[PDB]
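1. This one is an experimental structure. Sequence first:
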Amino acid sequence: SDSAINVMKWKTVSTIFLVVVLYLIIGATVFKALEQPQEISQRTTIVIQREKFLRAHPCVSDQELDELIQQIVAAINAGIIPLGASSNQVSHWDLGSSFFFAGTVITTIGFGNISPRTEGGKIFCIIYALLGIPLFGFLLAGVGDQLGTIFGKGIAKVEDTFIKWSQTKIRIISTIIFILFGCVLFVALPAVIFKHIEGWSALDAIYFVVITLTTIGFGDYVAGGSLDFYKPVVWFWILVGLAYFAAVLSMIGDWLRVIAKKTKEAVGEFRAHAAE
Amino acid sequence: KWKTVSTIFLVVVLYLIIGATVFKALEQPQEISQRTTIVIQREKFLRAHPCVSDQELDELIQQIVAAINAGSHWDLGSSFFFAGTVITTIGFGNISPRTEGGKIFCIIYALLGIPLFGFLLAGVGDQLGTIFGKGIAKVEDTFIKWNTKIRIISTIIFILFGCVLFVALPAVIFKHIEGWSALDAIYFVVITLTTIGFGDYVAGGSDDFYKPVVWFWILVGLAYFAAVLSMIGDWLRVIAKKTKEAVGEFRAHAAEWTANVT
Ligand SMILES: CCCCCCCO[C@@H]1O[C@H](CO)[C@@H](O)[C@H](O)[C@H]1O
Ligand SMILES: CCCCCCCCCCCCCCCC
Ligand SMILES: CCCCCCCCCCCCCCCC
Ligand SMILES: CCCCCCCCCCCC
Ligand SMILES: CCCCCCCCCCCC
Ligand SMILES: CCCCCCCCCC
Ligand SMILES: CCCCCCCC
Ligand SMILES: CCCCCCCC
Ligand SMILES: CCCCC
Ligand SMILES: [K+]
Ligand SMILES: [K+]
């Protein structure tokens, strides 16, 4: 009964492993069905513009033109805007941007738009993270409980205004108004204000909002690029929005417990009778 | 009634301000070195090739900048690893979806995959947390009866043997493939398994016995830092309670000090 439940646990983990593997295979085929075609469209139309530029200027160093392009791609790893118009440039590690960089590291967002290139900054970032990630975690948990009780007060009013002539079902009305206001306060309202500032689409905003507050942080779209009244309230929104998806992603996990137990007993009965 | 969050808020803001000044002290110098020497190669190129001119180079750069939005990627295996980043919330960003449908799929794929992977990780964490538990049951006998502080010797051997298993040795298997420095490896290892994932260092550059085991290592290494980052939070809880009573005494001894001086 000590190492029995361990045998009962290893069976549980191994099944979840295959669920994730299949889930990754499911997603993979969907992305390469959605992305690999439009890749080859650009892949073949960039070969057009190369042979445009090579024949229009044969006296360019043909075999040493990619060496130019790749040293620009090596320079993509820095925030370059190397041009003849605006040869003068601005720091990407300035007084405010390095503050935002640390904001990504402790939240583990880490967009990657700007990464440290100095061996000193790398060793500092390692220690700054190993200490800042837990530090920020206690802030978030406090903000989560702080916000989780602000929600508790607003629902005490609403769960009286709908008391006509059961508990188990009133709980569902309460969970709706959280996601309702939540996707308004922490999805809708931010994504809209990012649309008039960043000039995105309507999807690019919510895509950004999700990728950011799910602490995935690709860095393809970043809000820190665009008053400077702006960036202080942004990382504040992130703090509370991270606390928001923390509950959202935790609720989705609870739903998947139910769906796992419903489908366990379902196939259990399905295979048990087998004659129906 | 007591918030206690406001005080933690200022600690983080202060901690961000500390880190910020340190980073621009560390990075803004070498930024100027590179960005003044990129202006070097640019006038190098126009002088070494009068064939090319100013009015002919910006259109080359901007179409490379248009290629920044693109770069076979997304192949049979690459899209698998892409999904591996999304559910773990690593998200290097080396390759991101450009299609309107791929974004809407990625949003849903994450909202469902992140919690799903969380149950896998929690099982692997408890699975590994008891594998470690049996190794220390042996060790917490052989020299513990022999001659509060015994906890500390045991906790060292975890970080010791863990930073071997989950930092040292994995960092040196990737030196097989691309080991430039001893720092870039451990920098990569930390940034990866902390789920920060900048993407400046990843295996996708200049790229099948390798990539399957790597994602496996990630699964177990993510569980490793999960405990490591959770232990560090516990020690900070201790250090917070140590420094609470410390100011408690010094503000108390200075209290009736100012009364004794009357
Ligand atoms: C784990 C096996 C231990 C064997 C140690 C051998 C180390 O050599 C490495 O072998 C790699 C081939 O795989 C090459 O790419 C690298 O040139 C080199 O760094
Ligand atoms: C490359 C940066 C390394 C920073 C981490 C230091 C190693 C881990 C600390 C081990 C030092 C001995 C234990 C003393 C208490 C921290
Ligand atoms: C034991 C049955 C394994 C197959 C379960 C269905 C896999 C379909 C993946 C997408 C479903 C996600 C929601 C349900 C999670 C169990
Ligand atoms: C890098 C962080 C340095 C220490 C932060 C200040 C600690 C003193 C404030 C604690 C008040 C209780
Ligand atoms: C070298 C110390 C790095 C900062 C981590 C400890 C700071 C203590 C935080 C104060 C808690 C109230
Ligand atoms: C534009 C698509 C918006 C709907 C995304 C899916 C909603 C999931 C709610 C949890
Ligand atoms: C409660 C947030 C409202 C912010 C509005 C800013 C524009 C006036
Ligand atoms: C966002 C909802 C997608 C619905 C597709 C059909 C589900 C069976
Ligand atoms: C090597 C740089 C360390 C800064 C704390
Ligand atoms: K991330
Ligand atoms: K993360």
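-> Received it, and whenever you're ready, just let me know what you need. Numbers count the residues shown, from 1 in each chain, chains lettered A, B, ... in the order given. Ligands and ions are numbered 1, 2, ... in the order given.

2. any idea where the strands of the stretch 1-150 of chain A begin and end?
-> Counting by DSSP state E, counting those that start in this stretch, no segments of the stretch 1-150 of chain A form strands.

3. Contact distance from ligand 3 - what residues of it qualify?
-> Counting by CB under 6 Å from any ligand atom, the residues of the stretch 1-150 of chain A close to ligand 3 are residue A:23. Every residue, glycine included, has its C-beta placed from N, CA and C.

4. switch the cut-off to 8 Å
-> Proximity of the stretch 1-150 of chain A to ligand 3 (CB under 8 Å from any ligand atom) is limited to residues A:15, A:18, A:19, A:22, A:23, A:26.

5. Same check on the stretch 151-276 of chain A?
-> Within the stretch 151-276 of chain A, the positions lying close to ligand 3 (CB under 8 Å from any ligand atom) are A:256, A:259, A:260, A:263, A:267.

6. at 6 Å instead, please
-> A:256, A:259, A:260.

7. What about the residues of the stretch 1-150 of chain A next to ligand 3, which are in helices?
-> The members of those that map onto helices under DSSP state H are A:15, A:18, A:19, A:22, A:23, A:26.

8. May I ask which of those residues has the most neighbours?
-> Using other CB atoms under 10 Å in any protein chain shown as the neighbour test, those are led by residue A:23, with 18 neighbours.

9. wait, it sits on residue B:114?
-> No - counting by CB atoms under 8 Å, residue A:23 stays clear of residue B:114, with 11.3 Å between them.

10. Quickly list what's touching both of the two.
-> residue B:87 (CB atoms under 8 Å, 6 or more residues apart in numbering or on different chains).

11. hmm, back to that, just the buried ones from the residues of the stretch 151-276 of chain A next to ligand 3, in ChimeraX syntax?
-> This is how ChimeraX selects the buried members of those, with burial counted by 16 or more other CB atoms under 10 Å in any protein chain shown:
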select /A:256
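
12. Format the residues of the stretch 151-276 of chain A next to ligand 3 as CSV; extra columns: secondary structure.
-> Putting these into CSV (DSSP: H, G, I helix; E, B strand; the rest coil) gives the following:
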residue, secondary structure
A:256, helix
A:259, helix
A:260, helix
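
13. show me which of the residues of the stretch 151-276 of chain A next to ligand 3 neighbour ligand 2.
-> Counting by CB under 6 Å from any ligand atom, nothing from these sits close to ligand 2.

14. And the residues of the stretch 151-276 of chain A next to ligand 3, which is closest to chain B?
-> residue A:256 (5.9 Å; CB to the nearest CB).

15. Skipping adjacent residues, who's closest to the closest one in space?
-> Leaving aside its sequence neighbours, residue A:256 sits nearest to residue B:115 (CB to CB, 6 or more residues apart in numbering or on different chains; 5.9 Å).

16. what about the residue of the stretch 1-150 of chain A found nearest ligand 9, how many residues close to it?
-> Closest contact between the stretch 1-150 of chain A and ligand 9, by CB to the nearest ligand atom, is at residue A:120 (3.6 Å). When neighbours are counted by other CB under 10 Å, residue A:120 registers 14.

17. Could you do residue A:33 as well?
-> Using other CB under 10 Å, residue A:33 is surrounded by 15 other residues.

18. which residues touch residue A:249?
-> Counting by CB under 8 Å, 6+ apart, residue A:249 touches A:214, B:111, B:114, B:115, B:118.

19. Then residue A:197?
-> For residue A:197, counting by CB under 8 Å, 6+ apart, the contacting residues are A:223, A:226, A:230.

20. now the angle between helix B:5-48 and the helix or strand where residue A:252 lies, please.
-> Assigned by DSSP states H and E, residue A:252 belongs to helix A:230-273. Angle, helix A:230-273 to helix B:5-48, by axes from the mean of the first three to the mean of the last three CA atoms, to 10 degrees: 100 degrees.

21. So is helix A:230-273 next to ligand 11?
-> No - between helix A:230-273 and ligand 11, judged by CB under 5 Å from the ion, nothing touches; the nearest distance is 10.0 Å.

22. So that helix, near ligand 6 or not?
-> No - Helix A:230-273 stays clear of ligand 6 (CB under 6 Å from any ligand atom), getting no nearer than 7.4 Å.

23. Please compute how far that helix lies from its chain's middle.
-> Here helix A:230-273 is found 15 Å from its chain centre; the criterion is CA atoms, centre = their mean, to the nearest Å.

24. In the stretch 51-200 of chain A, what residue lies closest to ligand 10?
-> residue A:110 (4.6 Å; CB to the ion).

25. Check whether that residue really touches residue A:217, as I assumed.
-> Yes - under the criterion of CB under 8 Å, residue A:110 makes contact with residue A:217 at 5.4 Å.

26. Looking at those two now, which is surrounded by more residues?
-> Shown here are residue A:110 and residue A:217; by other CB under 10 Å, residue A:110 has more neighbours (31 against 28).

27. That one: what's it in contact with?
-> So residue A:110 contacts A:104, A:217, A:219, B:191, B:196, B:197, B:198 (CB under 8 Å, 6+ apart).

28. Could you do residue A:61 as well?
-> Counting by CB under 8 Å, 6+ apart, residue A:61 makes contact with A:67, A:68, B:49.

29. same check, this time on residue A:208
-> Counting by CB under 8 Å, 6+ apart, residue A:208 touches A:191, A:194, A:198, A:200, A:221, A:223.

30. mind putting those in CSV, neighbour count and secondary structure included?
-> Converted to CSV, the contacts of residue A:208 look like this (neighbours: other CB atoms under 10 Å in any protein chain shown; DSSP: H, G, I helix; E, B strand; the rest coil):
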residue, neighbour count, secondary structure
A:191, 21, helix
A:194, 23, helix
A:198, 17, helix
A:200, 18, coil
A:221, 19, coil
A:223, 23, coil
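
31. tell me which of those is nearest to ligand 6?
-> The closest of those, once distances to ligand 6 are taken by CB to the nearest ligand atom, is residue A:191, at 10.7 Å.

32. Tell me, how many residues neighbour residue A:190?
-> Neighbour count for residue A:190, taken as other CB under 10 Å: 23.

33. That one is in what secondary structure piece?
-> Following DSSP H and E, one finds residue A:190 within helix A:189-198.

34. Torsion angles phi and psi at residue A:82?
-> Here is the backbone geometry of residue A:82 (degrees, to the nearest 10): phi -80, psi 110.

35. Settle this for me: it is touching residue A:74, isn't it.
-> No - judged on CB under 8 Å, residue A:82 makes no contact with residue A:74 at a distance of 11.9 Å.

36. neighbour-wise, which of these two wins?
-> Higher neighbour count among residue A:82 and residue A:74: residue A:82, with 18 against 11, using other CB under 10 Å.

37. can you tell me which residues contact the more buried one?
-> Neighbour list for residue A:82: A:72, A:75, B:35, B:38, B:39, B:42, B:61 [criterion: CB under 8 Å, 6+ apart].
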